[PDB]
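Protein chains in written order, with our numbering: chain R, 51 to 455; chain A, 51 to 455. Built from N, CA and C at the ideal position, the CB exists for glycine as well. A short write-up of the structure that comes next.
Number of protein chains: 2
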Amino acid sequence: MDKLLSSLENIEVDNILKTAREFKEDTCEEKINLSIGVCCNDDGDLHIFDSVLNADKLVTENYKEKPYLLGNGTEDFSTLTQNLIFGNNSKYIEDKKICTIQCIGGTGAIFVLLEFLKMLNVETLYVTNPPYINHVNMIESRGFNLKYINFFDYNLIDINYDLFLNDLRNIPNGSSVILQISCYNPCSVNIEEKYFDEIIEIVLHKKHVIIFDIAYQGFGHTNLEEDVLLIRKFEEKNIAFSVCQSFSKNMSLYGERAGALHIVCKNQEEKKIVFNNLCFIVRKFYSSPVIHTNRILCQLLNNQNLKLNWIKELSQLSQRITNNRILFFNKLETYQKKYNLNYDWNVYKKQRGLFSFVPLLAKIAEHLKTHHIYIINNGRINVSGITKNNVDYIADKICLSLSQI
Amino acid sequence: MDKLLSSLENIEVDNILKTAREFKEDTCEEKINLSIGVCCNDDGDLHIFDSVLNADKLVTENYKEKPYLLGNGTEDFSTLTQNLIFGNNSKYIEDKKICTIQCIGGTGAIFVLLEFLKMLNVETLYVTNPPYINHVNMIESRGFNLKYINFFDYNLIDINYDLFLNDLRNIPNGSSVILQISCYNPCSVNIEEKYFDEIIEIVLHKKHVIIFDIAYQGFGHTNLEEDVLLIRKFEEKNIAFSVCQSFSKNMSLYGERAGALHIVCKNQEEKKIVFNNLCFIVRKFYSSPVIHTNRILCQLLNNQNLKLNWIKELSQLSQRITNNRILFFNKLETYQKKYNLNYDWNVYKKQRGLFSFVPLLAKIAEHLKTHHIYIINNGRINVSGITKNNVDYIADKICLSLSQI
Ligand SMILES: Cc1ncc(COP(=O)(O)O)c(C=O)c1O
Ligand SMILES: Cc1ncc(COP(=O)(O)O)c(C=O)c1O
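Next comes the structure, spelled out in structure tokens:
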């Protein structure tokens, strides 16, 4: 007879779920969904490519057996995939200097890497303020010291590049740091090239260890190689680092949990070791990755007509989004007038990625629910869920709501 | 510049991989594969059903969107699945007393449960001797005390039911115990019904907490509800427990990593809590399960023509295997004569599951490699990989090899 459940309390979850509850917990239709990590279609329902639907078909055509992955990934997976981050061709790729592995989405790659860091002398991790929430949970709940680096400027609404590089300069030495360089979650502010070179110099002097978080290649810009420039610049005049890569939004592969982990190694013989360490680590958890989601990925990425058909719809996507964001603040500059409010909404258009980040709205978050619109506690906003129909209602209620103070 | 890799040593892996290396590391064709966890076809290559190939097709027909699983499983998944272990109908199922969740294979379910046990006052875990290897690794490498209960009798070659229930009687109280009741890995010896009732009585007096490991429903017997009887008996006169369930061999879904976790709860309101705890736990790892492998499973299991077509091929499978095992020792009783050896091979036919377990062979394991046949260090033997062609060569070399002492 299980009694263990006697000491069993219930838990407060992340901001991201108290709200997920709330969206689908009331009677009203015309409910609005602006908190979800997902990207919405024109019809306000989940997105999916055709390239991906075709990769799917392609996969159940070419494959009949379903083997365990030896493996922690394929050979095509680990080359096709790393093309996307390091481009082509690379000093690193064809010299077999990258050890890459298939994980369970970006989350899945982050966590194995953290498990891999406990493996070493890694007591402390730096994260840029404010940080992707789960990073906090994932880091902390395995007893690392979590420290914060200055980043987003809360009053200017841009990165504070002065204080960011400052901390980057007086934080020990060979400190381990997590960077979101593009499509920042939640900030939605990417690092301008103006500053790459200085960083490279700081990172070289301090010999820091960098972990790049790449969840949205192709949302910050029109060209998707742009979004990953710092990495490529880093590679030239070779520095070592790590990459957690998600395709949850890239390929619209949400539930498939498609992700990768890239670790840059000194020689063809360190690659071999780290690999065994990783396989080892993976075996006290789930032993191996999903073969289906491996196949779907190789098929798409490995075929030109699909890669090119996808990249296009992808390029066509970031456009619509950054456009939708422009439109949005323009409706707020307007409705604003009805309530005689005096806010500069122009400063949130600079922003890029799946969201916009309006700290000001943190104040109005629980009042925006009396009307049937849901938004994260901190100001973050799923832009992809604002239809041509939606703008008025939303923008109005934001102002209406704002004026009650 | 990554320096961390300075303290980086390479690791000795489990017996199961030093060998996996070895199988595919030599020039000889007519190499024989008797170590692999997988089940081999007539042609000595990996198995797969037609029901499963059809579920696959079915799935890419009915589904176009790919959402995150809220969720940690579906509603169909958690009812369809638990039918298989608790039968139908159950006192537990329709009274919403089971909390079940979709995991990444059996491994994936074992580990979340262990993470769930650290969550409580669980300092010590009992395992039956000898234990599924990974259990050792998974338990220990998170700082539980691992203790062993008497089980398999090494000289008689059957369970020692006398000493097994003994320990079961003097091991603290509400001790947490892992049981493989059928298709034991490695032993290949299942618990006879003769003894179920006594156990139920012991487990009731000592209030122990049981975790059943079910990786092979349908390999121990002809009827696949048989293999899970103890569980169903346990359910009548309701006791609480847990189930880790893999479909890696059941559905031949190896790389798909299909698995489930069942926890039996006091009321419809403990279910709700444990659920939140589990979601919580899952979120410091991979956040959610694979949607594809969820869909493949529901489709098969939910459609009669496929469930029935699968169960049949399944029932047709355990037959062939236990037959293949009978044949095998009969060739060893024969070739044995050529070398004038005097071993009783009849005692290994009782055995059941994907393997046979012959401790005697542990002695001959590294000599059986000079001939091109591979076998685990402890005696375990993948029976499914012995073709009508193979018997002679294998059985001969075993005897030949045995006689060199
Ligand atoms: C910054 C960041 N890192 C990692 C992830 C993890 O993505 P996934 O759900 O595919 O693991 C996300 C969410 O997409 C994210 O926004
Ligand atoms: C006893 C036992 N438990 C758990 C597992 C884990 O199976 P999976 O690879 O699907 O996670 C296995 C292997 O099939 C096993 O033999």
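{"Check": "Pairwise C-alpha distance: residue 213 (chain R) and residue 244 (chain R)", "Outcome": "16 Å"}
{"Check": "Any C-beta of chain R under 7 Å from that of residue 255 (chain A)", "Outcome": "no"}
{"Check": "As assigned by DSSP and simplified to three states, the class of residue 226 (chain R)", "Outcome": "strand"}
{"Check": "Cross-strand partners of residue 193 (chain A) (DSSP beta bridge)", "Outcome": "None; residue 193 (chain A) has no bridge partner."}
{"Check": "Chain-ordered neighbours of residue 495 (chain A) on chain R, where CB pairs are closer than 7 Å", "Outcome": "In this structure chain A extends from 51 to 455, so residue 495 (chain A) is not present and cannot be described."}
{"Check": "Closer than 6 Å: residue 292 (chain R) CB and nearest ligand 1 heavy atom", "Outcome": "no"}
{"Check": "Check: residue 126 (chain A) C-beta below 6 Å from any heavy atom of ligand 2", "Outcome": "no"}
{"Check": "Contacting residues, own chain, Cβ-Cβ under 8 Å from residue 194 (chain R) (five flanking each side not counted)", "Outcome": "164, 167, 168, 172, 173, 174, 175"}
{"Check": "Inter-residue spacing [alpha-carbon to alpha-carbon] between residue 237 (chain A) and residue 226 (chain A)", "Outcome": "21 Å"}
{"Check": "Beta-carbon gap between residue 132 (chain A) and residue 312 (chain A) smaller than 7 Å", "Outcome": "yes"}
{"Check": "Proximity winner among R:228, R:271, R:281, relative to residue 247 (chain R) (alpha-carbon distances)", "Outcome": "R:281"}
{"Check": "Beta-carbon separation (whole angstroms), residue 82 (chain R) vs residue 424 (chain R), contact threshold 8 Å", "Outcome": "7 Å"}
{"Check": "Residues that DSSP places opposite residue 312 (chain A) in a beta bridge", "Outcome": "A:150, A:293"}
{"Check": "Cβ shell of residue 445 (chain R) (< 6 Å), same chain only, five flanking positions each side left out", "Outcome": "381, 382, 385"}
{"Check": "Neighbour flag for residue 69 (chain A) against chain R, beta carbons, 7 Å", "Outcome": "no"}
{"Check": "Contacts that residue 430 (chain R) makes with chain A (C-beta to C-beta distance below 8 Å)", "Outcome": "The premise fails here: residue 430 (chain R) is roughly 17 Å from chain A at the closest Cβ pair, so nothing lies under 8 Å."}
{"Check": "Which of helix, strand or coil DSSP assigns to residue 4 (chain R)", "Outcome": "There is no way to answer for residue 4 (chain R), as the model of chain R reaches only from 51 to 455."}
{"Check": "Reduced DSSP category for residue 431 (chain R) - H, G, I as helix; E, B as strand; rest coil", "Outcome": "strand"}
{"Check": "Cβ-based neighbour list, residue 516 (chain A), same chain, cut-off 8 Å, excluding 5 preceding and 5 following", "Outcome": "With chain A represented from 51 up to 455, any question about residue 516 (chain A) goes unanswered, as that position is not in the structure."}
{"Check": "Cα-Cα separation between residue 57 (chain A) and residue 170 (chain R), rounded to whole angstroms", "Outcome": "8 Å"}
{"Check": "Any C-beta of chain A under 7 Å from that of residue 307 (chain R)", "Outcome": "yes"}
{"Check": "Under 7 Å between C-beta atoms of residue 115 (chain R) and residue 96 (chain A)", "Outcome": "yes"}
{"Check": "Local Cβ density within 10 Å of residue 145 (chain A), reported as buried at 16 or more and exposed below that", "Outcome": "exposed"}
{"Check": "Span separating the alpha-carbon of residue 149 (chain A) from that of residue 155 (chain A)", "Outcome": "17 Å"}
{"Check": "Reference residue 52 (chain A); option with closest CA among R:403, R:299, R:59, R:316", "Outcome": "R:316"}
{"Check": "C-alpha gap between residue 348 (chain R) and residue 101 (chain R), whole angstroms", "Outcome": "12 Å"}
{"Check": "8 Å contact criterion, which residue 298 (chain R) and residue 122 (chain R) should meet: CB distance rounded", "Outcome": "Not quite, the Cβ-Cβ distance comes to about 19 Å (not below 8 Å), so this is no contact."}
{"Check": "Partners in chain R for residue 342 (chain A), counting only beta-carbon separations shorter than 7 Å", "Outcome": "306, 342, 343"}
{"Check": "Residue 385 (chain A), DSSP secondary structure in three states", "Outcome": "helix"}
{"Check": "Heavy atom of ligand 2 within 6 Å of residue 69 (chain A) beta-carbon", "Outcome": "no"}
{"Check": "For residue 442 (chain A), the first and last residue of its enclosing alpha helix (DSSP H)", "Outcome": "440 to 453"}
{"Check": "Residue-chain proximity (residue 156 (chain A), chain R), Cβ-Cβ < 7 Å", "Outcome": "no"}
{"Check": "Alpha-carbon to alpha-carbon, residue 104 (chain A) and residue 351 (chain A)", "Outcome": "12 Å"}
{"Check": "Residue-level contact to chain R via CB, residue 160 (chain A), 7 Å cutoff", "Outcome": "no"}
{"Check": "Beta-carbon proximity of residue 70 (chain R) to residue 309 (chain R), cut-off 7 Å", "Outcome": "no"}
{"Check": "is_contact[residue 264 (chain A), chain R] using C-beta, thresh 7 Å", "Outcome": "no"}
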